[PDB]
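What follows are structure tokens for two forms of the same protein chain, given separately as structure 1 and structure 2.
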Structure 1
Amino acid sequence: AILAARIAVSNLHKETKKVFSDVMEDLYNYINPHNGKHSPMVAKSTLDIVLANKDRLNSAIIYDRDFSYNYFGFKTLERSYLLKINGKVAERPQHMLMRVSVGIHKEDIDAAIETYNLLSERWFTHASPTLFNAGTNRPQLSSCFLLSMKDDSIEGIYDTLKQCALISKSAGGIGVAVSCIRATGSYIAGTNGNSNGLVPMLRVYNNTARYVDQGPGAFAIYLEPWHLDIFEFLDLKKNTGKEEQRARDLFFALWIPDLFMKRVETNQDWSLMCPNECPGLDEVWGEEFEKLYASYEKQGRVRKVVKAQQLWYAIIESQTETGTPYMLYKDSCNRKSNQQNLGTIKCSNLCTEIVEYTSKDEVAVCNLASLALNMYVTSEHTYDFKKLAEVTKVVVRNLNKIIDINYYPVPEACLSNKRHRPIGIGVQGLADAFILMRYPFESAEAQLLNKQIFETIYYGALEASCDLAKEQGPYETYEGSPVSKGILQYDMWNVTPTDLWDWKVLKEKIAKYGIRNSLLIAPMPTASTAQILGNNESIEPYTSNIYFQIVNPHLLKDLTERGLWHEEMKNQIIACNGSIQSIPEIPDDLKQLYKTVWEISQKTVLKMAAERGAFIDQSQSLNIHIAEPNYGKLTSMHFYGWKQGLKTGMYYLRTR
């Protein structure tokens, strides 16, 4: 595959123009061969700027950087990231990167080139939609969106459905909070009828997701477990059953109050409620939620009572069957959100890393990028935290520009992003960083470096956001927020950061100028970009020693350098489903370093998530890998994560 990749890049170079401004002119002049219609594939404002600075821009680009991409990463770029004219790729990766850089920075050519170099050297990456759409007409640069139901009426349900349609069309994933919609059997005063509840409503969402493609629609549906239709909700993804009791193309998440977990643990009863009868449960959290909920129980405003454990069993069994629902702890998400001055946060997003406020007037937006953590390790096996912080500042300014540039699919999204200016900086290559540092994932050394990486990210992000506020003013809803009061994320976990960074001085800078962004950090999945860049995904442990059979480059390098490589090892790894643990020739220090996600404790995975979690103001797309699951294991895992203070206790459950 190494030679294959070079030939394919060489072929693309052969088959494309060299000069960036030339390619930009061809893209802009494009004429539809069917229509004879002039449909520019790049925006005029962007072309104007490129032609006006063509010598600097053209001569900045380093075409040899195209050879950096591995075989499958490059094919993925050819497949979806490089603009085509009549089915033939016109952009080199370098062209697309500069198109992106100018797309974000406009007149600021200094800025564009700095971004172009970071991106082309692979220090970080913008999100797929940004890479698709930057520098094009009506550019939709943001990844995903959150929304609440407008109202518990046919009017509201269908207006919200139209929003999802429009957003899906513009290539956004969606998280939707549905708990305010009344349940099965509940009275409808305007028709003198009774509601059929959530399921048939969700079947309309399900078919709308099948209908409207991203640029299939990906809608995660969020429900709080007090809702009367909670048991049916839990069946919607299952492969068995009647079509009318199924919504199999949606994704499912629970927005879990502390009270539920406490009542499961102490084996108490659990009241199911109808939201028309028991209003506002979704608009309070913590103690205020607890009081309200118990008050409705004392008022008899309850439709059904079950054992908390019977609903617990249903949740776990659904996860055993489908890997879902996702597990979010509502009170952890609200109690530790810088956005908590806005009101109660009703849901997360499609990938469970975004925690942002949504109302009938506001659709929250996820503005995302990831840092390639592997790049910050020196030949010395030391971590360049200073460089990591420096790159993080660049990314904050870039995402901040994206908020003002973005073409919003609905006006509610524009209003939310404009008022709160949240961003989500994540990571990839965490497992690679540890491997490069020679630290096993579970080691104490990895554990300290995990904290310190995320301390650095948060610090650098805050610093750039603060400089932005000094330059532009704080975001609109800043005063009255926890950070305006001197409360940073780790304080809300009661965590004292290491001595690596000077938080006292940063807090003084923030007390004086404030900050530009209500939120900053959010480790997202990185499924596409990690494969483009050749890193392990996001914060995940090592997936496998093999992925054409491509042995992991780091392992291959280490075994080659020791004299221990033999081409036979390939098939032994395959026979061991990606493991190197039972290969006798490989030394123990290497076996430890290259343990797979299936050989790594999930308890330590959750702990390490909680640990970094103190420095992540949003949440984290945290998958859980349990080869051989059972109810005790899942129970233990969820309760452990809940009690660690995790916002997102579980994204996907994976097994084998």
Structure 2
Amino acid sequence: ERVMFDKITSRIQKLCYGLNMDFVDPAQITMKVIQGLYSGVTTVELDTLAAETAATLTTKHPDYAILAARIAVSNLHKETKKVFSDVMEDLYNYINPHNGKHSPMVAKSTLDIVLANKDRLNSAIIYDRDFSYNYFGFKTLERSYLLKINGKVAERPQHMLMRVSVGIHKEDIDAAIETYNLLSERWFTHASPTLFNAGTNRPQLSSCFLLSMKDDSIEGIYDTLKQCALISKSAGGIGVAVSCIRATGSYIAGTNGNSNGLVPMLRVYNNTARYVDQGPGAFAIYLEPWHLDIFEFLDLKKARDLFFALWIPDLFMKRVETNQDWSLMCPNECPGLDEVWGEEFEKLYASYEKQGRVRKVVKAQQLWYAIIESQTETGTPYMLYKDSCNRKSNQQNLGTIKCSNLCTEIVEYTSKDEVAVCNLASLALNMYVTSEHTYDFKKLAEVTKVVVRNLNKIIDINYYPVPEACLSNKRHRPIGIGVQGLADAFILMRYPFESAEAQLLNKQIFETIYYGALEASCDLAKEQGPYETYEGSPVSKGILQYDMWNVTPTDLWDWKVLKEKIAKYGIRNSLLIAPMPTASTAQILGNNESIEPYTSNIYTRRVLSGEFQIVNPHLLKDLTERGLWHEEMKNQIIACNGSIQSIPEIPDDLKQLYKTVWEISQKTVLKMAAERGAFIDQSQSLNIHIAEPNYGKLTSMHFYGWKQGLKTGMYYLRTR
């Protein structure tokens, strides 16, 4: 009797294994999916209509997103070949059908390793792991990370991961399989470039590059510009130290004229970033605040493809705080201020002052408030503390570090002959919480060892866009291991972000990563010898990052014994740790970004023409299981900008747990950054969230960060 309303309900019901059926209701999906109408429709339109329908119910319970993903994945599975070696073969044999030209999508060398070991590699893969993404993390993979033939996905998520593994580990099949298992289980992820390009020809595997301007001359300026344009060709973020370029109106000997300053120079850099965007290039431009063009620099963005950062010496900060004057200089009149830091900077700068080699004197506080006025409008410039960066860098023996990278986590040496490179991965901190609410530190360490070994192998396979990058990387072998899902780990342990329980876990997590990392880096040194510039470095003198912060680790790990291992063998890598923003990879694994708390408990994702409302999944489980969740409450939470603090019916323990970043003290945020920072040998990407900007309050956040010892005081300022 008409009927046939279940039928499709059963198809949906089939993929609900393990979901919370108190809130997931297949019939609800079918009521919208039916309206399926059509005589000419089949088993392909629903699956995509049911997946979309399930995904909009993510606001009723999080398992709807898991159901949406299973529907979408099983659908992808039937439009895809199962066998890995066969997808790689088709990727290689791709003839671009309308230019005629053979255009292989994987490297011949990769495919040949694959075909030579297909039985082991094909059978190592477990396709049910493709079902472990939530809908939105799957659609991100589908959009950018799975190779397409015809505009039709050929790679399963498993196929992509296995390519990446073989791409990294080559003929080492044991390694490749181990890394496959870690990645497919989600214990860590490689950074986006690695996922895109490993196993391909053109394996541009790195994330960001750092440059110093070659010299203060048209010649110099345009070599650097070229270098930037070549790097931009290959998935490059860029940081550029620009302080050695002479100021506006300074004398040019050879044309008897006057320099045009930084601004019109940077117009060229800005247009090169717009122009070379693979076909959206972004350069971060780093200036020291003594440079005479500082005011015009802080007023420009008010240059859309440039991002601005101050490389700040302690002296400037002391001058601001004691209300003294601040001398602005042209680097051509006063050379080498950017080649030197700390005492040696303060003395040389002071000496130019005593000589009256000064182009303008301002009150330090006039410049200070130009800076924070800039930050209020654009949220830039980024605030980096030059002297902290150098004082606590294991690359010290190389010389003064002139800048950081696009996202402020990388503090590495650069020069005329060297472009610094960021080789990146992240650990998924939430995955290490046991089902018994304890933190598995030993597994964390063991995973970090694997990441180190992979990042070292990447240094050696990478396609470098300029030879100065290659030289840099091979000489010092730095690596940047970050994290994601710290907020999620806290919540899974039931710790409020500001609680003493989290503050200790926070310190222990990062003791552990630095420990494992050093341990693998030392094991690699035993096998292959220390990196070339290791003799001289603070680590070669028995000094580790925490010693530079005058911090004593907790009792969790035996540092005495590691130091003996390092004293004997050295380490393979000049630097190891750098919590980066993880914007794209966090969105794939379904964690919150990096070290950041949840910015809001309700947020939207776009998926093509779709717009989806998502509730903090930890929160939504808590609210649903306490019979508190309904639509009228969702709308109250939206009306309070994602806060649950003024909703009377939520118990105060959950309110503590689900504070948004706006409601968490930024002083605490900056403090925990300094505390884990003692075990981070580079820096960390650290935004400040102040609800409504207040010049006094911002000045006070900056000085707190500076005094805590942070290398990066502030990435972006966010106001809402």
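Under this definition, the rigid core comprises the largest set of C-alpha atoms superposing within 1.5 Å between the forms. Sequence positions of structure 1, starting at 1, serve as the residue numbers.
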Of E567, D110, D404, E471, Cα shift of 2 Å or more between structure 1 and structure 2 on rigid-core superposition seen only for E567
Is the shift of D558 between structure 1 and structure 2 large enough to count as movement, that is, does its C-alpha move by 2 Å or more after the core is superposed? yes
Once you lay the two forms on top of each other by their rigid core, how far has the C-alpha of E290 moved between structure 1 and structure 2, in Å? 0.3
Provide the displacement, in Å, of the CA of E585 between structure 1 and structure 2, taking the core as the superposition reference. 2.2
How much does the C-alpha of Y542 move between structure 1 and structure 2, in Å, given a rigid core overlay? 1.7
